[PDB]
Structure formats: C-alpha cells, structure tokens
Amino acid sequence: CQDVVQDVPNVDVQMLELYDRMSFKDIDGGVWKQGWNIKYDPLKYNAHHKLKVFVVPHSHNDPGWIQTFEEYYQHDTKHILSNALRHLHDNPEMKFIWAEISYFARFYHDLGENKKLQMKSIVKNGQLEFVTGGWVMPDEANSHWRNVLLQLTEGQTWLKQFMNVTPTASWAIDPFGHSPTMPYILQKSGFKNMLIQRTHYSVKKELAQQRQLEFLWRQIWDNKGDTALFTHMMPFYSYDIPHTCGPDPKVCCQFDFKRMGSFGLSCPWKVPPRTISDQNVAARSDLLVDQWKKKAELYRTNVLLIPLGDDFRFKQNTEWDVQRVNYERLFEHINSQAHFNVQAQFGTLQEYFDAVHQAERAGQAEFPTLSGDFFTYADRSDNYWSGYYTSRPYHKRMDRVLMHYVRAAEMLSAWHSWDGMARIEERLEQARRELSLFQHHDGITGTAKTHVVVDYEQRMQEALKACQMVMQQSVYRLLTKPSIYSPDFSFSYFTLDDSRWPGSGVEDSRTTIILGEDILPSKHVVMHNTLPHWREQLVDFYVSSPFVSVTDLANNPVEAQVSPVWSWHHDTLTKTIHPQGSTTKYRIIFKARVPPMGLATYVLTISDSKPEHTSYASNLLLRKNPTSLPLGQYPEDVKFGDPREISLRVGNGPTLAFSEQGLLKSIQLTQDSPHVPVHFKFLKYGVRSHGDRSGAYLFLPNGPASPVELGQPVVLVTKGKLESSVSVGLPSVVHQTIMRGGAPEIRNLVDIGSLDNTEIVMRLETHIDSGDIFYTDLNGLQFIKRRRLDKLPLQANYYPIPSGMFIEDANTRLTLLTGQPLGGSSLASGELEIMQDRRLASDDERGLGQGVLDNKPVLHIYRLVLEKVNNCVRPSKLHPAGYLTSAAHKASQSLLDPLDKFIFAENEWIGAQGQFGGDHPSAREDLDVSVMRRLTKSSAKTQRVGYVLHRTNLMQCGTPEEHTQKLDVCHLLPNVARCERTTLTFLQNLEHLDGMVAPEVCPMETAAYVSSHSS
Ligand SMILES: *[C@@H]1O[C@H](CO)[C@@H](O)[C@H](O)[C@H]1NC(C)=O
Ligand SMILES: N[C@@H]1[C@@H](O)[C@H](O)[C@H](O)[C@@H]1O
Ligand SMILES: [Zn+2]
C-alpha cells in the first residue's frame, strides 16, 4: 500500500500552493475580459502541422431548476431528443453528446420499438455519444461520494443494458466548482478522460498562461500517480457559444446561428450572426479561424475542442438546420483553403480526447500533473459561489438521511433473493433514482425554484417510504423462523423509528409504543447496524409509561434510562421560547449491541412501578419567573432555578461547562486535565444595501457577522446516568448539547422564521493556535488543507463542509462532524464556523429569478471532538491532506450511518429470533462496506452480489490496533462460485480472484467486488 501520510507528492500544480502565490487581480483583459489579448504565430500551422478542430454539439438539460424534471421533459427535453434522433439519422456527419441519463431513460422508454432501434443505431455508429452517463451531472460540493457513485451507477447500468455502451469520458460543464472526488470515482469506474468548466476566473487565467489547462489530476495524497485522470479545463467564462469559439464573445456570438431574431434571441455584443453564403464565407471563416487559433494557443496539442451548445438547445428542427447548415458551409470552405491549415468537423468528446492522446503519443505534448480542488468558485469580480453550500438546508439534511436509508435497504434486502411479487427491486430502483436525481447541481445545492424544491422533496419522501418498506420486510424475513415465515408483501411488520429526522420540533411523526395492562404488556424492537463491525449505541424510543424495562431476547435485563419528552414552543403570549413536557409519553434510552451488518432484538415491558434496571433523569429548568411543569407519571419532579453556569459529566467521559445562556464554554477531557476554552456562539450575516446581493448561489456579506442578541434564554438541563443534555431556546435556534459519555452531540433546530436578509452562523471559539490553516472534507471522502487568505474577501474563505472540518496546532485539535452539508470556514486563528440557514430576499442574477424565502425548520446534527494530537503521526507541513483520528471518524459514522430502529407493528411476533449476523466478521475500524447490493433478480441461476469497500486513513496516535477479523465480502453469502474485482459501478470485471477471496483494500482506496453464487 502507498503511504498516504508521510510522502508529499511532487506535482507540477498543487492548488493550495497556487492559491498562496496568485494575486487574484481582477483586471480588464480586453475582449477576453478575464484574460489577455491572445497572440499566435500564423506560421505555427502549415500543411504538415494542421490544426484539427472538433466542434461538439451539445444541449445542457437540467433535471429540474426553473421547472421540474417532468415540466422540462414535456416542454423541452422530449423534443430535443426526438429531433436529435431525426436529425442525426438524416445527417450522417452530424454529432451530438448527451449527459443526463435520467432524461434519456425517460425518453427511451416512451419510444416505439422502431424508434428504439433507430436510437440504438445512431449510438452504435458514434453519432450520438453519451458523456459521463450518470443519472445527472452532480453537484461536487455538497454531494457525498457514495451518492455520486450511486447516480453514476444508475445511469451507466441503464446505458449498458439498453444502449450497450459505457462512457469513458466525463463532461461536467455546470457544477459550481469541482472536486477531486470526481476523478477519484471516475478513474475507478473505467474512465480515461474528464472535462470541467466552472473554475475561478483567476485560476483559468493562471493555468492558461502556463498551458496547464489540460493536466493529469491525481489525489492530493497520491505519491505514485495511479489515481491520475486526464482532465481538460475549459478556459472561458461560460460553456455557451459566445464563450466557446475563442476569446472574443462579440465574435463567437456571431456563430451561434440561433441568435438572428425569429427564435427570440440576440447577441448582447450587438453584432448578430449572419447566414453563411458563398459571398461572405471567406470573411466569416477568417474571423472564426482566428478565434480558434487564439483558443488553441492556450493548449499544448494541435487538436482543439469547440463545444457548440447551451441550455436546452437543439429543440426545434429549424434550430438543428440553422446550426448544421451554417457550420457545414464553414467547414467546406475552411477545409478546402490550404492557407488556413485547419481540418474542422463535427465531433464527439471521445473523438477529441482520442486525438489529443494520439498527439501526446506522437511526442507532440507532455502534460502537467495537478492535485487539489477547485473551490470556491467565482465567475466574476467578488461573486463567490459559497451561498449554495448552505441554501435549502432542510433538503441537504434530507439527502444524508436518504443516503443512509438507501444503503440500509439495499443491504438488508441483499441477503435473500425475493419473489417479484415482493416488489423489492421496484422499490429500490425508485429510491436509488430519486436520491440520484437530487444529486443534480440544482437539487442538493438549493438553487432551484420553490416549486422544484417541493418536487425534489416529494420524490425523496416517496423514496424514504420505499426504503422503509424494503427494510421492514427484510427484517421480518431475517428474524422469523423459516417454517413460520408467511409474508404479506404489502403489510407493515415494523415501522421505522427515527429520532433525528425530520426531528423533534420539525415533525411530530414518531410513534409511541403504547403499553398497558389492559392493552399490551410488551413490545419487540429491532436494531440494524449497516457497518461491518460490532456496534454499541444508545437508542431511544417513545413509550406511553415511564415504568418500562428492557431485556434482550435471552431475557437478560438491559440498563435503561427514562427521560421526559420535551418540546419547545414559541409562546406568542409571553414572547419567550420555552419547553413543555409531555404528560402522556416518555423517552426510554438503552444501549443496543448489534452485530456487523446485523440485527439485534430487544423487548420493552411495562410494569406498575419503577423497574430495577431503569433509572430516571433529573430535569432542571433555568429561567426567572418559572411556572410549573407537570410530567404525568414521570417519577421525578422538575426543579427550577435562576440562570447559572453549569457543568455536566456522563460516565467517564469529558466534563463540559456551559454559560448561563446554555452554550458550551469549556471541555475537560479527563479528571486532571485543563478546562479547555471551547465557546459556542451564534452570529448573523446580512446583505449589502449597495452593489451585489446575496442569493441562492452567492454569499456577499455586508461585513463580518454580528452576534445574535440572546436576551435571557430559557435553559433546560436533563441529567441522567446514560444521557444528559443542555438545551436552550435561542432566537431562531433551539440549541442542544447531548452527552452520552464520549464526544458530545450538538443538535440545532433552526427556524429562521421571517428574518429577511439574514444568514445564521454557528461559531466555535478556541485557543488553538491554528493560524490561517483549517481542514474541510470533500464529499465525505477526504480532508483537504485550507488556508485562509486575507487577500480574498470573506466569502472566498468559505468552503463546503459536506461531513466535517477541523483546526489544530501542535498539541490540540477540534473537529466538528456534520450530519448535513453546510458552508463554513475558519475566519480567525482558533475559530471554526458553519452556516445554519440563510433567508434572502433578493435574486442574485444567475437566472433563478427568486430569493430564498421558503425556509422551514430543520434539525442539524453534529459531533464535537476535542483531542490531544501531539502524539499523532501527522503529515508534514507541506502535505496538502489531513486525516481524522479514530474517534472523529467514528463520530462521523454515528451521524451518517446510525443504527436503524424498528418497532414491531402487531401485538405478537410469532417465530421471532434474537439476532442476525452474529457470525459476520467484525472488520477493522477504518474499513466500510459502503455498498452491498444484490445485482440479480430471483430467476437468475447464478446470483450475484456487489460490494463496494472503502478504507479510510486514520491517524496513528499510539492507541494499539486491537485484533480484528479479516473481512472477505465474497464469503458473506454461502455457495460462492466466483469472486471478481470490478469497476465501482459493477459493470466491468477487472480480476478473477484466487480462492474466491476478496482482499481488503489499502488506506484511501475503494474497490468493488462481485460474488457469484450457485445456490
Ligand atoms: C455490444 O458491444 C460490443 C462491442 O465490443 C459488441 O461486440 C456486442 O455485440 C454489442 N452487443 C449488441 C450489439 O447487442
Ligand atoms: N447553467 C445554469 C446554472 O447556473 C443553473 O444553476 C442551472 O444549472 C443552469 O443550467
Ligand atoms: Zn445546469
């Protein structure tokens, strides 16, 4: 295995180093506003060295943005595809590329057989070429790598089945900045080339000056370079026709033949396109070839890529004709006039890359190596696109919930083959497709119109229900005696109980387990653990009595704690935010111990009085002028007091101290150690009253954040043996710190209400001497070093926080893990901050045509890990990566892949079993089974199950590795006949494995295996 910590890769371009050196001056470069006046030697090309130009027609089709997926399909995309089919059929030299398989699959399945065959033909013959082949063109900032892979797999599996093709070139012209997670996944999925566009204008200038726009993009830790993927960065401001022919959009716009008037389009530079004729073609060709030759100066080979398209282009037949006929005339003239030394033609993306690599092999060019990322994007001036790291945070959180549900449903149901009547494959396909759709760069990003966000939400809700159905059918099958099992595939044997989605104070949707002597004495509950190691975790359920005790299925008592059910209310009479306790339901909490990739059953039983193994939390309400808080049968009376500082410790874990406002002020790791200052604070950013306004995309603050005025908030302290918490009702946020004996959990119920033009930030203030350095993750896959740059505006120093961030000095690290992607930064030494929600009255001039005024309450979840790191083996100061400790990684897993909880629906579960998976190997802590998916339906004689294995890299800090078992995924199901290593999409076999054993992967590596079973 490559060492990902101790060897700093030697690359030609390292983006953090580049950023440190660059001046980022925004000067007027002339017609190329963000560049310079490009000059070329006309003698560079001649009969023996011609410029080869590939004009690549395309149409950018957003799966939801200003209209829903279905609205766009009906109004635009179905016509684009139908007319592409006709025009490509009729014009054999015409070409077209297509990216979004969600639309293509929608279209294809509605075609008659004759048309399906015609479509297959234009694909087989290379006229229509799929690029990337994902369900969508995903966001790269907020998306989790597991869902980037999911959507890629969904689109490519469809393409392989119906089109018999698997793209090896990726096209990402629109995500708002670019992540190295993409080449990581693509290179492990058979790709050879990728194209990107939305990178900071200063980066395009810098790389263009050095002809470093094409590069071998490797991972930041990759010393050897095996992760490298050839990448083409487009050089100009947009992918539209005015910004793709060459540096001068006033000239290039004249070659967008849709802009002459009848289509309702024009050229903002005031010179319209002109129909190409024999009398003007020489002049028109001389203008166009000059643009091409200027663009070609920015690249190393004699092969030039000219995209020809824009949003929802190539709809009408008249549009196909106007572009095709005019370009054909230009090509005939240019290619016949030796003096140009150009050969121009319609091409596809693969054709471009093939020709570039032919030139490379001919010794014509050598390409630079590059590592790093391309955040945070700015398209112009100080307009940094860091707002979408937070926009519509309810749905960003929902994404992570559904991510987990999809994994759990696919894994739970993979253990068996299912009858078609069970509709398992149908429900899983629906859930995968809706989650995949949301990865779109206007879905998870929060940059779509309100009604489109509602569509995505409704789709995701249906997907959650689909996952629940599959999960609960699976649990019932896995834990019922086989000769008793008698499934009704429409029936709900269990309901899922989720304590953190939509969340307390968001939706009152959790079911109470109703027990009573005259109704039902006891209830079975089941926990699932999707991770491949034994896990203990506190779990909680609502019950109708405080007198409840827990047993395992060997009837062993389990220690439990009962607490009240507290809900916070904005009292519009008293103008306070305060908690109310239920007098009819209670929370019971206990530790569940669950096998790797397994299930464990427990029983909740009512009694008439306090059970031996159940304890009761105390509750203390801190506020002046208190009033009573009755709690029904709950056996401990609520206590009252004036606001005061408090301190809490659960088990042998950290001691946390809180301000009189209920906010953390210090953490003491052990009995002897210092009380380390760690202060939570809430602040607000506003919007500028002159110049550019923040909106869904852009964060344009009117200066540093100002503290939220807290008043005298009400603080609730619950103290228990197993779990304690401090909760406070702040303006716009019910903030909770929960302690279970290890790193605390933070929950924020964020309701920005009607606070217009406000962004609420949560900041941590510490003494850690972090300087200008901090670390943020990329897609939940890797941590990248960031350097705060005071030469850039505040909004440029904001980065995506898709799963965590940390600061550290020689001795101390503070890591904040997240259960939802949000934007954040470290704006001063010792600080971390993460945005909670933003409500913006104005549009930000990127075409969305609305502000962000559709906020809804969201429950954000976090873990906060303070650690000593002086003994850890860390990368050198020059290394661009950072790595989590074991505790921080486990804390992240606790947020993203918690135990699933099931409540048996009926009164009695006949044939119930106590456990599943007790014999499953408990793998080393850094290894995950990211995906387990049965790939075959029940009628296949050879069943196949696919696994994606990911090994992270955890810091060595002197905690001896304990004995763990080797995980061989190929032997998880019986009767294995074959084990193959595959691409991550499972679509290509790469290696037939000796002894049918799937080897574990190296740190930072991801591998896929398929096991075949003869049953
Ligand atoms: C799928 O593509 C391959 C190209 O190598 C071809 O051999 C195979 O016959 C194709 N399958 C079809 C056309 O059904
Ligand atoms: N190019 C446009 C982007 O700026 C929008 O967010 C939509 O994705 C649209 O495609
Ligand atoms: Zn788009």
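In what follows, residues are counted from 1 in the order of the sequence shown. Both ligands and their constituent atoms are indexed starting at 1 by order of listing. Hydrogens, waters and symmetry mates play no part in the numbers below; they use all other heavy atoms, side chains included.
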Next item on the list: Tell me yes or no: between the side chains of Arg838 and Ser391, is some donor less than 3.5 Å from an acceptor?
Entry: yes
Check: Just distances here: any N/O of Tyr697 and N/O of ligand 2 closer than 3.5 Å?
Finding: yes
Check: Do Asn383 and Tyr377 have side-chain atoms, one donor and one acceptor, less than 3.5 Å apart?
Finding: no
Checklist line | the Zn ion (ligand 3): angle it makes with OD1 (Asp62) and NE2 (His60), nearest 10 degrees | finding: 90°
Check: Taking both backbone and side-chain atoms of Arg198, is any N or O found less than 3.5 Å from an N or O belonging to ligand 2?
Finding: yes
Item checked: the Zn ion (ligand 3) to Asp174: nearest N/O/S atom name -> OD2
Notebook entry, point to check: Against heavy atoms of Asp442, which atoms of ligand 2 measure under 4.0 Å?
Noted result: 5 (C), 6 (O), 7 (C), 8 (O)
Next item on the list: Compute the shortest N/O to N/O distance between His440 and ligand 2 and return yes if it is under 3.5 Å, no if not.
Entry: no
Checklist line | Identity and separation of the nearest protein heavy atom to atom 2 (O) of ligand 1 | finding: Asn164 ND2, 2.5 Å
Check: Under the criterion side-chain contact (heavy atoms from CB on, under 4.5 Å), which of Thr450, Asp844, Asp843 is the partner of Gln850?
Finding: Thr450
Note to self: Can you see whether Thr168 engages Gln350 through a side-chain donor-acceptor pair at a distance of less than 3.5 angstrom?
What the structure shows: yes
Item checked: Nearest heavy atoms of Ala172 and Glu140, plus distance in Å -> CB-OE2, 3.8 Å
Item checked: 4.0 Å heavy-atom contact, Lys124 with ligand 1 -> yes
Checklist line | Among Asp256, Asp240, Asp76, the one residue meeting salt bridge (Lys or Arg N to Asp or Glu O under 4.0 Å) with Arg313 | finding: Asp256
Checklist line | Geometric N/O contact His60 with ligand 2, under 3.5 angstrom | finding: yes
Check: So is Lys205 actually on top of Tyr201's ring, under 6.0 Å and inside 45° of the axis?
Finding: no
